[PDB]
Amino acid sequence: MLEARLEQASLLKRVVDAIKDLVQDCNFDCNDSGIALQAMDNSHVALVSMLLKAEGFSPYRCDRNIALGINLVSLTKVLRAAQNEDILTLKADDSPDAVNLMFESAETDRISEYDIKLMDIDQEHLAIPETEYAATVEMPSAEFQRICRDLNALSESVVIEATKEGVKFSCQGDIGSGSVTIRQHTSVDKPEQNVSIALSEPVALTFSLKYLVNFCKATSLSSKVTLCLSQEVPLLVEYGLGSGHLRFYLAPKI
């Protein structure tokens, strides 16, 4: 049987809210390592890779490798019935007819139980595992989100140029051009201002802002975000869940 209990439902609520606009029907692959998700955007441009590690659940039990086909639209509606501080418990039997979601309140003696009907979904192989990147940028997710939404007002595409002197986010449209330059800064001793850049080679790539702004819906999950760049491979946008991660892969248009 499967059982995973989150002290605060807030985590799962926000993770689903970050993916719901890209993927709708996808599998939640469960084993002793935790709950993982790998699904491609409906337009086959972006890939979403999520991992919820077993050490983030208390307790966590998974007797069998199991695939749970779940509509994310169905799940978000149910998860909006849970408050952020509610005790969330996900349960399942040795058969995938339905998934059980239990919402316990720490204060009020109120118990909420939901049974979501499962679906039959087949997963992809899927590429790609572990690419070595030419540039790695760790910056505040809140800052990265504002940069994306701001430039999205001027154009539908953004140019990311990463050199040894910093990272430049370029943009141009009918209205005009837009530019955001962040400098590599370390040991501010105030971690909300830190930007680290590991660079093996300069990179200049163009991406869709429509996807990046969707990626930035995971800003509530982590204060930090990691951008991994190289041509011939998709952009990697990773968010730290603490005990796990949420990764976004996005193919370049350049």
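All residue numbers are counted from 1 along the displayed sequence.
The question of which stretch, 125-133 or 76-84, has the higher mean Cα B factor is settled in favour of 125-133. In this entry, the higher average B-factor at the C-alpha atoms falls on 178-186, of the pair 67-75 and 178-186. The top Cα temperature factor in the record, among 33, 42, 38, 219, falls on 42. The residue among 51, 46, 227, 205 whose C-alpha atom has the highest B-factor in the PDB entry is 205. When the CA B factors of the chain's modelled residues are split into thirds, the value for residue 5 lands in the middle one. Among the modelled residues of the chain, residue 110 sits in the highest third by CA temperature factor in this PDB entry. Sort the modelled residues of the chain by CA B factor and residue 200 lands in the highest third. Compared with the other modelled residues of the chain, the Cα B-factor recorded for residue 58 ranks in the middle third. Ranked by C-alpha B-factor against the other modelled residues of its chain, residue 242 falls in the highest third.
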